[PDB]
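Okay, so we've got a single protein chain in two different forms coming up as structure tokens, structure 1 first and structure 2 after it.
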Structure 1
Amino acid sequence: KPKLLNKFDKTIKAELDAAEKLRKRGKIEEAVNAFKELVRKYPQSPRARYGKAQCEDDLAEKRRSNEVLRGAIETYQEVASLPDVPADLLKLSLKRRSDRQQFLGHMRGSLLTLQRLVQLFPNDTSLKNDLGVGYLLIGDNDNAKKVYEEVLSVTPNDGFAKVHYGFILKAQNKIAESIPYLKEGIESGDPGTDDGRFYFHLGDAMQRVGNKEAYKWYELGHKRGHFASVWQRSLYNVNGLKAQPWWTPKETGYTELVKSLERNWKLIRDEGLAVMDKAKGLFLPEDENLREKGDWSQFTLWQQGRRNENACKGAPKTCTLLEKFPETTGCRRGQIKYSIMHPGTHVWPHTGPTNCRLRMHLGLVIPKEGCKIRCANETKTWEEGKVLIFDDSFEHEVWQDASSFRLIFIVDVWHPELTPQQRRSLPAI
């Protein structure tokens, strides 16, 4: 189908075919040298240059070497720099380039390739959709939003642009507005729309506006394999981990950590209170749009398995105590943090991102009335000097209707069935 041979490349199609046949038979090493020979002899040939790059690409895949793949990325760029490149080849070369840049984590590099692709092919709507992803991946929601607005303005039924626009709107807290976009985009069935992120945020936006259909989408997201279940809707998962909303200390196996938290709770409390009194700016407001209303801030000692050294200056004994428990200080998918919540607070139903952690809550200052946490189908209260443990990958919700502040300490641990190499390898969240 695709037209990849310019005028000169048609005159050497026998050589080009022989080189490509070696690659398709898995003789990567022979293929690389055959295309390098063709690039040497025919230095302007775009098909020879694309062959070289595709061979490096295959070679990176066979060796699982990022080094080899970075080489292919530049060769894909070389293709686009040659004269008289056929349009289909130009687009394949630069698209593969962007995709391999994203695979390596070079999101700003991928973005630049995508910008170029859209300038070279201004009527390809799919490339604009891909450019919007480029922007989302570097955190540029403002430009992503304009890209999908542009897409919808000429192809208003594009399902991919709809779900992504709906995702952006929801992230901006434009909750009612996001719902039709997310819903119509998933229903479009277009490639790229069957994605757990859109099921997740569509049901969430519905819950926030009181729409009872929310769990219809959770159930369809479960049926289509995005959620472990209707209640456990995390998206960065190791499958097979024991899934249970509430855990006892003995079920986790972290009995020494729990004992240390409980036996030394007043010290943990008092350092948090001192920071409240004298260094309150260390407490940062929660910034993930999780509150319906009220005041909630957190003072973080560890995130992504990394100690915040300045923060630990405010809780030095607590940080020293925690250093003996790598199951939390090395939990690169969790945090260690104080959490203060004041009256009039309601945290929406929500789920954390990963089933790879469990969350311990140690009560520090707990009003006698008004504070409770629901996880799935079971609601509990905190107690001063006592640890609660739940799996925040299950939907959970919190209320604060006391007459004074509530202070807890949150200690995240690796899910206990995760192996040592799993704990060393999983990307941090």
Structure 2
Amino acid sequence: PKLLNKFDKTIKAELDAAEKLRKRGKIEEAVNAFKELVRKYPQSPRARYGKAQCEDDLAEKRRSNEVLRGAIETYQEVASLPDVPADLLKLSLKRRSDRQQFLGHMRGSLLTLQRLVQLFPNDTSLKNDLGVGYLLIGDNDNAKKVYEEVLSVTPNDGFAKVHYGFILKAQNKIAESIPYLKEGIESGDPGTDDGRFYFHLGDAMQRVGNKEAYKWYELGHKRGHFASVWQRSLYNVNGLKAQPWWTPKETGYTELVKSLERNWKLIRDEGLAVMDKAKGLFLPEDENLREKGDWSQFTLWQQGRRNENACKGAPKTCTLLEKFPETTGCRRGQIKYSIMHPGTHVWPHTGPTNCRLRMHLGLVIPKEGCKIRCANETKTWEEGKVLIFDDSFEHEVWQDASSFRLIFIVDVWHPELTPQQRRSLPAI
């Protein structure tokens, strides 16, 4: 890349020297050396870029967000200076956007990428990176407009196809998403070999009846994305024991299980009381997992945080669960009531993480019509009995009874997770 303008060429020696100290690993000596060059040559783009890059490296060594915030500002200063080479301008602001996302300043990254796409209107890779910005903030409509433009200029961009297909699939355009996801993955372009697109292509195929879904599940497994054709979670810790169905003894959570089964009617009655007197606290499932039916959930704990208002509706149940941090502290699971009505079929799906196990306590179980498949075995609920499975495996649910089915869902940390992993793992 051409990063030295005319003036920077007259001082290339002084610049390469400081870059040497950085490449060697003496960051503190390089920040001071680029800082002195910026003092001496206030309009040098390469010297400003070097200071920002040394600040970037220093923040990593210290794990400092304050230092990284400084590098982000220095990266912008490179773009305010005069006669900045175009390769240097793009590198500086792309890194600004990238590191802006690591801190969680998504709106800042978006603004930086918008400026990049305006300064360089013909670089499709930047528009593609801007579409990711919109996806990370939850704006699927603006990400759609972007990838449509990319495909209208470069029709064979695989990165844009998979992302466009991902958007269409999230909009419930299952039939329309399959061609974009499949071609995008087959393109082999950079960024297309991602587990998310294998996951969503097979699911789309499974929904329209196409039996080729498992071939894509198999490919994702062979390419290291999925741990198995059945276990297709993507936010995983490797090494944890993996089986569809668990027994209470296998989990080691015998006290939690005994407590739920000994006191099950109490948990049932508080949930029925909310159904009768506070139905609005039951919220519909909003993840597009149903083919048909009514599925609603009343959530007491999520991401290890207690819903104060919900626990006022189920006060005794919440007091009971406080004694068991294996579930109340599961920052990758929930504790919730779940009601399903007749005529409901939940598509085959997996949960996001392998770091939890899911317990089902039966509360109101119709005698017929209710069944849950996990992997290749189908089981039924029983009132007052706990059922334990790993929802990271593909599971499917039917409700073809004559009345409603109420269960209590309790997520626990996977038993083989160390106490440290249980405190560090980001929440889901």
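In this text, rigid core is short for the largest set of C-alphas that superpose within 1.5 Å between two forms. One-based numbering along structure 1's sequence throughout.
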| query | finding |
| --- | --- |
| Displaced position between the two structures, chosen from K36, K62, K380, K386 (C-alpha, 2 Å or more, rigid core) | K62 |
| Cα displacement of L104 between the two structures, once the rigid core is superposed (Å) | 2.3 |
| Between the two structures, how far the Cα of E74 shifts once the core is aligned, in Å | 1.2 |
| Core-aligned Cα shift of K146 between the two structures, given in Å | 0.5 |
